[PDB]
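I have placed the structure first, in the form of structure tokens, so that the comments after it can refer back to it.
What you see below is based on every heavy atom in this structure, not just the backbone, and it leaves out hydrogens, waters and symmetry mates. Numbered from 1 within each chain, the chains take letters A, B, ... in sequence-line order.
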Amino acid sequence: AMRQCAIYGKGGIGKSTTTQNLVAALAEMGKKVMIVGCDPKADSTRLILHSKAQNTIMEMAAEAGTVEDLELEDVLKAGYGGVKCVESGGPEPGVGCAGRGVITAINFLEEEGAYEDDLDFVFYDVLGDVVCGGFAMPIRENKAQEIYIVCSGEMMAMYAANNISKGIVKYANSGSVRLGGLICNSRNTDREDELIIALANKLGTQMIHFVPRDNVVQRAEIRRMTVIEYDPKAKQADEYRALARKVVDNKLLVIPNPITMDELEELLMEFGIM
Amino acid sequence: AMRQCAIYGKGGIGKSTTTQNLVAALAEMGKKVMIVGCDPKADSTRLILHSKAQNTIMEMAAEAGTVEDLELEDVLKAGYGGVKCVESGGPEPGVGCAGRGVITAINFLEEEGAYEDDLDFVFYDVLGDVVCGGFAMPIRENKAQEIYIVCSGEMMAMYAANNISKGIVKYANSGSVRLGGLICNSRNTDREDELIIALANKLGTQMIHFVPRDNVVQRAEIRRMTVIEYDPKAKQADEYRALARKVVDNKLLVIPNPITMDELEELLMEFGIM
Amino acid sequence: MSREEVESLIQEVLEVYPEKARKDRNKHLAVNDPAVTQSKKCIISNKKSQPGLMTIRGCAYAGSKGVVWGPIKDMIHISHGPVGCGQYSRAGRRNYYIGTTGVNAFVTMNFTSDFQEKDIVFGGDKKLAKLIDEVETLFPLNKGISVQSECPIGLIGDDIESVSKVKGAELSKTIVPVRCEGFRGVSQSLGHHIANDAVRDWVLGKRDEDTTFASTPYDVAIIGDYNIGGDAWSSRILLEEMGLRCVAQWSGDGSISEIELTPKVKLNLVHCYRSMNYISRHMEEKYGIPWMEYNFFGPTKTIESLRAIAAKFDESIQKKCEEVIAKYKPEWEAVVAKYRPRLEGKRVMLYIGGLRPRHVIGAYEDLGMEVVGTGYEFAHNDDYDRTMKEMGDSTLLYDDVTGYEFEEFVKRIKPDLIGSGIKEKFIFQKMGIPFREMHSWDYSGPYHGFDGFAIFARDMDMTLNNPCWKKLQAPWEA
Amino acid sequence: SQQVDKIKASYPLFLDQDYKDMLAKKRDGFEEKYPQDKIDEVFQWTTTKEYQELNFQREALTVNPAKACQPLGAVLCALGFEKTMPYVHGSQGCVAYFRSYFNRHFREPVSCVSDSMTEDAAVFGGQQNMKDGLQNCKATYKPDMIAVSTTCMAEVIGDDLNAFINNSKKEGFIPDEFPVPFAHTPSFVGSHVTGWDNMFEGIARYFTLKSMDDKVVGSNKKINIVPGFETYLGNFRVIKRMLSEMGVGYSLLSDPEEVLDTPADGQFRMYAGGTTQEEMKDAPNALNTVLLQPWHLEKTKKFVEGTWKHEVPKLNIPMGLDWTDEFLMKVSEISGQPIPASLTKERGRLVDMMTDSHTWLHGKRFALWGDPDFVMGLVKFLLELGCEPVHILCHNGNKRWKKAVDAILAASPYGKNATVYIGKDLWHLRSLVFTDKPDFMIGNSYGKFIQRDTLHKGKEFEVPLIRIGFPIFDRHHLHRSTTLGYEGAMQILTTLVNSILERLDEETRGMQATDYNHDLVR
Ligand SMILES: Nc1ncnc2c1ncn2[C@@H]1O[C@H](COP(=O)(O)OP(=O)(O)O)[C@@H](O)[C@H]1O
Ligand SMILES: Nc1ncnc2c1ncn2[C@@H]1O[C@H](COP(=O)(O)OP(=O)(O)O)[C@@H](O)[C@H]1O
Ligand code: ICS
Ligand code: CLF
Ligand code: SF4
Ligand code: ALF
Ligand code: ALF
Ligand SMILES: [Fe+3]
Ligand SMILES: [Mg+2]
Ligand SMILES: [Mg+2]
């Protein structure tokens, strides 16, 4: 049991918001979920905890000497739907090493048995710019077995998704992690469905769901809540419920086959006009 | 002459696209500019060179021994309108250490004299997730003088801009680097301009030329060029001309006074509702 | 002298520090009082070093590669990262071994990946795999490969575990990844812990489903003895002279086969509690093997420990132990009768890593020498708890002492002899105080057992009573 | 057992019968080692040419490197300044290792501090570490200057030394005018000599870069001497003596000879001598700057030519006859002083020793390694003596240095059988001395193991080691020797010829077998 998934994608493509709304919909379906935020910004758990995470692994480790003098209950907290939430800390921008922060946080969670429960889903929300091995820590062996990439129809996000696929390939071969599929967070440029499904087909994966872009998400996040908790009768809430159900029953698990820059630009020139 | 600017902001907020369009606008005004991409994704010079910059400092250095064996002409290449383009290299995602690569590339540019005379602008397009000191290499002493933070009305974008300001504070006090202003990329949010203006006032800065969201940008960039090359008479091209003009005539250079999470939430309730 | 004066000395020494550093360092200096039940109220340890204070501590790489893994003879230990760490650690520690270096033994060799800038920027996993292949091609008689991580490996998230697994499966070799990057922990102690965990996870369980080893009831394994100057050997000859079968030695003159055979033994004799108590507890709670701390420093401790170990076996082992004691009695008695008059009443201050600051006090007292000051680089609370029962009344105790602190303590106390490492030796030799290297035995030894005791007494007399110490002041000066 | 009259240390304690029996029983019962025949076969294979081909095809594995990391050289450079504390930003294990290395080489105290960056400092940056470390070091050891280098961790995470030190100054941890020169010294770039160059460039630009306006070249009528990474105290002493005999005003920047040669008189001196800050401030006023070891002072050369505007001469290291002559003539042409009669007589005495010893020196084949400038000087001097430097290895050498040494070898008939290797470690050299055996090898203490290996192939294959270079751990007080100048050439010649003569005496000591050539007069 206990599927472990890692959320990757382009920076600012909506990985944190989408994963938090997905986890809220999952807890709505009676699923015990855990969220690990592998981002130096402790922003992966603002909606679920209804506040900024004030107890990160790195902060509590520095405030108590070393990480070997830390305990699970100091950093692990529960929010909406009983979702247990822990956040990897990290430096303020432009200093330190956030990759090492993520490495230390994941090693602490593993050593302390942060997962040994009646858990059905563990989601690692990673940042956009995977620039070192530490931010690939969630997809190592005995870690997240599925990867979901969040993308959109502007070609920079598509090139990003191709680059994360290139990076993913080495851990897919070295281990058992697999690309479950692509989540499309809408930007509504010209032809988002066609472009994203074509990119997914080229990579050998599916487009598990399409999430529209509406302002109820922003309005809900202003109140520090997920759409599911804010407006359960909203269309976006049902979209997140559909995405959750499609995640639960998903079975496609493929090693990605990234395309070259020339093939990617050919795909854009072919599926990206009118 | 010789104005050194560093483009930062939330991931995927449009730093590279806006930077390239602004650089095209500045070069059409007879100003000699050079773009340094400090992202392991060497995607910050594509719309200027009309192709992906295959040769990067890190890749060339690894192929040709070390960085000392390299030459500027092999990495510094001209493009549309006399815009010199160079890119720091980097590993594929999830491996290595891209911040060290950015440090080494920028040191190589400094040591090789890329910062010659008759160069009005040097723009460092940095990635959105400044995870280490390496990606703060552009704002080191005597490297970049002005910082432009691209933001939007989203809560996450404003939080990222405030976090980046918090990271900037140490370099601003250490050296002479300041925050020129907040370029706004429209995301079509409720009271977007109001939110950006209020956040800029709280930081002690201004919002420089809120940029509208238009698909002419998507089209131009999918045709491997800036909007200026594509449709000079388009509305967004004139907007980029206005942005370039407002950048040239800017004198508000301040050390940001970043606001806490509580003050950020108060800002969101005050200007992010209705 | 006197509990009050040494406290005043501590305060005067601490006076020069900034308030933060003074507040921190006050808790690491104490005056011994056996009226204390828990060292937590007395002295705290195993904490971060104060920056810029010139500490003596090493790193986790030193505690793992330099201390635990390095002494293993038939394994090749690769300092993964830049060139510095392995080069400075190459053959600096005299963990003695028998073998053919470069053919089937590699202890004094320095294997490294020699990271360049491109290895940092683009990762070193492929380079690590190629290095493992080259190690196989050029050293085909090695019986194991360990990858000791340096600081950049820990920083950049190189997946050395994946490389170790894949290459070990491909080559039928034990490849042990040790995440001993130097910035982890505060000292070599976390290096000990990480190395012990690596041994437990990758080596100790290889022969779990194996019963082809004949086991006798008298099987003991020496744990935490690193054969400095042959120490372990000098210890081993005693145990096997009282009937015991020494199946394993950890890890000085150690082979990976002995470590794999350790779970088959019946007793675990731990010399250095600090470095290898982790694996001793693991084996006690998994295989049911009891472990006992012993001490082979000086005749008194050696006899006491031999009788304590014998009491854990049959009557035959006890008779053999008694005959060993009676046989070796005249030799150490002659050593005492020769060297104690030369050393009686001489005061010694010690500063060593984590076991020897308290373990060698009995040996010094066997020669009439009093230990007035002692301290540890990286010991824990339990080590100081054990230290209290061994130190005399109103004796100075220090933890992670700085160069300034230790220099001032020596200036005020004025001991006859100082036992510490290479980084204090010449400082205190220039102050005119005889110095003995208590890590390397000053390139002498062994100091364990009765032969070791003879050597130890000879060295103490040789340095303490050397004529050079009477020539420090020029005759044309007051 | 021990006899109280004659106490045996480990050798020869463990040659006793009971210890030998114990070792044999332990090996038989629990070690499960390869058969002695298998071990002999593998050793013989490792001494072969096919093994050398496999060895030289290595791309990823380094075995027994002949080099160290940059911060070691940075610490050595910083030690050569007056009341200066070396301060390494990063992890403390590095500082412990640097201190132990230099302690074992010099047999002297070596002062150096760390800011003790732990995992939390790695993740969050060591700015707090820098502030507290600078304050603590200044308050505890009262240096007149703290010279800051880096370990690998601080270089990987991009710890901005400039920003950290500036913030420490503005927040009142250290006085604003307290000199804190800094240099980034990544251990994964270059070697220890690169660290020396980087530290010296940082110290130079700290004291000179911002105050060049009131500087005029030659106004002090002195000569700047940059020694580079130097671990022979006699080298500093000989450069000083030769310049002062010449009547030349000089300023030797980074002079560590006093702090590494303090007397034992009941006092410990943490600082002693060293280049004063006023010397570095006045350095741009010098007539010129001469780099003693230019091949690892490239950054210093660029800075001195581009900032101080000194036309740095193209001088090789002043090692051996020709290059000492060139150094003296260049110093003369710069300062205007003539070469005095004492120096001419010293040169003539060097030539006399050369003529006295040429018969034993001529034709001798050598394997040598070390730093590039020292190695090149040794090669040149060996060519001057009629020796053949067959195996010239420099782990931290580069292509341009290799080309220069190849051109030097081509200019002499004794460089015909010589090959220069760069990026090769001492395992490569072990193979080289097995497959193309030289008469001797010259290098640091690590070469002793190679000698051991050669002796295992037989006494006729044994290549004796001559200990010149760094580090030298198994001999005492060799750091006091000299290798530069005529005096250094004389010491090297004496060592070489007497090593040859002692080897020949050993090979002819067998009575009635080889003692017919055991001559009293050589
Ligand atoms: N379906 C969506 N509809 C509208 N806005 C969205 C949607 N998804 C994300 N966003 C908005 O865009 C911003 C993306 O920020 P974030 O979720 O943190 O991305 P990431 O974690 O990948 O960096 C959010 O603030 C959110 O307001
Ligand atoms: N004014 C704009 N109008 C339309 N699209 C934009 C605009 N600015 C940026 N984008 C689009 O948003 C996406 C963000 O990609 P990018 O510019 O590379 O962001 P970043 O450099 O911050 O990572 C791009 O595909 C780009 O086409
Ligand atoms: S392992 Fe430890 S510092 Fe127990 S790291 Fe250190 S060869 Fe010391 S006091 Mo060097 S805990 Fe051994 C030691 Fe003691 S290297 Fe040796 S002498 S008995
Ligand atoms: S605390 Fe320990 S010894 Fe230090 S680096 Fe870290 S593992 Fe190693 Fe290594 S190459 Fe030189 S000595 Fe360092 S600066 Fe890096
Ligand atoms: S790129 Fe990653 S590993 Fe390298 S310094 Fe930045 S956060 Fe650390
Ligand atoms: F804030 Al992001 F990917 F840009 F989590
Ligand atoms: F995703 Al980016 F700069 F390329 F934030
Ligand atoms: Fe000395
Ligand atoms: Mg996120
Ligand atoms: Mg960009």
Quiz prompt | Verdict with reasoning, D:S91 to C:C59, per side chain to side chain contact (heavy atoms under 4.5 Å, CB included) | solution = CA-CA 8 Å; D:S91 278; C:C59 63; 5.7 Å; no
Practice problem: Given side chain to side chain contact (heavy atoms under 4.5 Å, CB included), test D:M117 with C:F183 step by step and report yes or no. | Solution: CA-CA 6 Å; D:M117 299 192 51; C:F183 56 87; 5.9 Å; no
Quiz item: Where do C:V410 and D:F268 land on the side chain to side chain contact (heavy atoms under 4.5 Å, CB included) test, with the steps shown first?
Solution: CA-CA 12 Å; C:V410 162; D:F268 166 57; over 6 Å; no
Practice problem: Run the numbers on C:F111 and D:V63 for side chain to side chain contact (heavy atoms under 4.5 Å, CB included), then give the verdict. | Solution: CA-CA 5 Å; C:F111 296 88; D:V63 176; 3.7 Å; yes
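Pairing each heavy atom of D:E31 with each of C:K143, the nearest pair is O-NZ, 3.4 Å. The two atoms that bring D:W45 and C:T137 nearest to each other are CH2-O, 3.3 Å, heavy atoms only. Pairing each heavy atom of D:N55 with each of C:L138, the nearest pair is N-CD2, 3.7 Å. Scanning both residues, C:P140 and D:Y34, for their nearest heavy atoms gives O-OH, 4.1 Å. Counting all heavy atoms, side chain and backbone alike, D:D453 lies closest to C:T101 at OD1-O, 4.0 Å. Between D:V113 and C:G52, the shortest heavy-atom contact is CG1-O, 3.6 Å.
Here the side chains of D:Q57 and C:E134 are not in contact, with every heavy-atom distance at 4.5 Å or above. Looking at heavy atoms from C-beta onward, D:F30 lies out of side-chain contact with C:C246 at the 4.5 angstrom threshold. In this structure, C:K425 and D:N103 have side chains that are not in contact, with every pair of non-hydrogen atoms separated by 4.5 Å or more.
Counting only distance, with no hydrogens or angles, the side chain of D:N136 and the backbone of C:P51 share a donor-acceptor pair below 3.5 Å. Remark: the backbone N or O of C:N110 is paired with a side-chain donor or acceptor of D:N64 at under 3.5 angstrom. One N or O on the side chain of C:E331 and one on the backbone of D:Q2 form a donor-acceptor pair closer than 3.5 Å. The backbone N or O of C:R57 lies less than 3.5 Å from no partner atom in the side chain of D:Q92, so there is not a single donor-acceptor pair.
C:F453 does not touch chain D: none of its heavy atoms, backbone or side chain, sits under 4.5 Å away. Looking at D:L23, the atoms closer than 4.5 Å to chain C (heavy atoms on both sides) all sit in the side chain, from C-beta outward. In this structure, chain D has heavy atoms under 4.5 Å from both the backbone and the side chain of C:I427.
Sequence neighbours left out, the pairs with a member in residues 9-18 of chain D that pass side chain to side chain donor-acceptor pair (under 3.5 Å) are D:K8-D:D16.
Salt-bridge annotation for D:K26 and C:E240: absent, with no side-chain N of the basic residue lying under 4.0 Å from a carboxylate O of the acidic one.
For D:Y87, the ring pair (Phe, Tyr, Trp, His ring centres under 6.0 Å) test picks out no residue, with sequence neighbours left out.
Rounding to the nearest 0.5 Å gives a distance of 11.0 Å between CD of C:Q87 and OG of D:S191. Separation of atoms CD (C:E150) and CE (D:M153) is listed at 13.0 Å; rounding is to 0.5 Å. We find the CD1-CG distance between D:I7 and C:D459 to be 8.5 Å, quoted to the nearest 0.5 Å. Put simply, OG on D:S1 and OH on C:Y328 are 5.0 Å apart, with the number rounded to the nearest 0.5 Å.
Of the residues listed (C:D114, C:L131, C:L128, C:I76), the one engaging D:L61 in a side chain to side chain contact (heavy atoms under 4.5 Å, CB included) is C:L131, and it is the only one. Of the options D:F473, D:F102, D:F98, a ring pair (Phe, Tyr, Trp, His ring centres under 6.0 Å) to C:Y88 is made by D:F98 and by none of the others.
Applying the 6.0 Å contact sphere to NE2 of D:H456 captures no more than 12 heavy atoms from other residues, nucleotides or ligands. A 6.0 Å sphere centred on NZ of C:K20 holds no more than 12 heavy atoms belonging to other residues, nucleotides or ligands.
Most heavy-atom pairs under 4.5 Å with chain C, from the set D:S100, D:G93, D:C69, D:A60: that is D:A60.
Taking the six-membered ring for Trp and the full ring otherwise, D:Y141 and C:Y404 have centroids separated by 6.0 Å or more. Separation of the C:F115 and D:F188 ring centroids does not fall under the 6.0 Å cut-off.
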